[PDB]
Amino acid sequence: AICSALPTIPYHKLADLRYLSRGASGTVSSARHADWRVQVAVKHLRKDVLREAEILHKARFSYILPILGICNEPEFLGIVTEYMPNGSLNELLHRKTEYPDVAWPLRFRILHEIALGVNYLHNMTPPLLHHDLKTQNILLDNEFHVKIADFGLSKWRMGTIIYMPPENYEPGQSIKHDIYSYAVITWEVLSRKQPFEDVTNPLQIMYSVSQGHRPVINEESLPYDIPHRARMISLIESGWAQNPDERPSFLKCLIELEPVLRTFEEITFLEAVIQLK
């Protein structure tokens, strides 16, 4: 019955508070800890801030954003985590002048790590379903390893709608949500395009998706030089299938990815990363 408690952090211990972004679930700032001498990130606004913190603390694993502690004062309320210096997967894929080249090995490693993380969540007792996966929520650490974030909408099994399966928003309203999101993410990673960019109104997307339309798969979106192209397209297509029952579990998904990741020499990952610097 081994237990660990989340440390409590005094606000006066957070020096150099600098703004990073404003979001639906609060504001994120970077800082340094006065005693530990490390950079941290702080997300400040209540029941919600307390909830995400408990989830990160219970869901700790190699591919989940690691929580360092909580700031629980009458004057200030925040979640403290390690700092992710390389932003989000969304920025890596779409800031093409800042990152003209993103080598395949790193793209596949990112996909593998996201699957590993969600798999772990689904394998907790009770299972945790993220339900808000998107490229903006996949953070990248100092070495470009994945840390899944934003547990605000996650549910214990007991904005943008491009990553949401049709059954969630059909009129008169799931354990197959995360895999749907993963399929859209995979498509996005392998093409560096925004899904449905050509569609100005989100309701037209929602309507198209409910009718079975999905991001386009052809040579312009997914070029023929993509390593293991057939295997990935096939994984993407089953992942976003109309019928949730036909979507694979993350175990199946990982068993498919494994042989692909074995083809890359370990040094090519390091070379892909230094090319970004």
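All residue numbers are counted from 1 along the displayed sequence. Here the rigid core means the biggest group of C-alpha atoms that line up within 1.5 Å when the two forms are laid on top of each other.
RMS Cα deviation from the shown model in 5 other deposited structures of this protein, rigid core fit, is larger for 194-202 than for the other stretch of the pair 181-189 / 194-202. Looking at 159-167 and 110-118, the one farther from the shown form in 5 other deposited structures of this protein by average CA distance, after a rigid core fit, turns out to be 159-167. Among other compared entries that model residues flanking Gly23, a third or more give it no coordinates. Per the records, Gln173 is among the residues left out by at least a third of the other compared entries, whereas the shown structure includes it. Coordinates are lacking for 4 to 9 deposited residues between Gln173 and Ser174. According to the entry, the deposited sequence runs straight from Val216 to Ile217 with no unmodelled residues in between.
For the segment pair 115-123 and 97-105, the entry gives 97-105 the higher mean B-factor, averaged over Cα atoms. The PDB entry records a higher mean C-alpha B factor for 77-85 than for its counterpart among 177-185 and 77-85. The PDB entry assigns the greatest CA B-factor among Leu50, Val209, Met232, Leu222 to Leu50. Sort the modelled residues of the chain by CA B factor and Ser62 lands in the lowest third.
In the deposited entry, the Cα temperature factor of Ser29 sits in the top third of values across the chain's modelled residues.
Split the chain's modelled residues into thirds by C-alpha temperature factor. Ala241 is in the lowest one.
Compared with the other modelled residues of the chain, the Cα B-factor recorded for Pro248 ranks in the lowest third. Residue-level temperature factors show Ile274 in the middle third of its chain, judged at the C-alpha atom.
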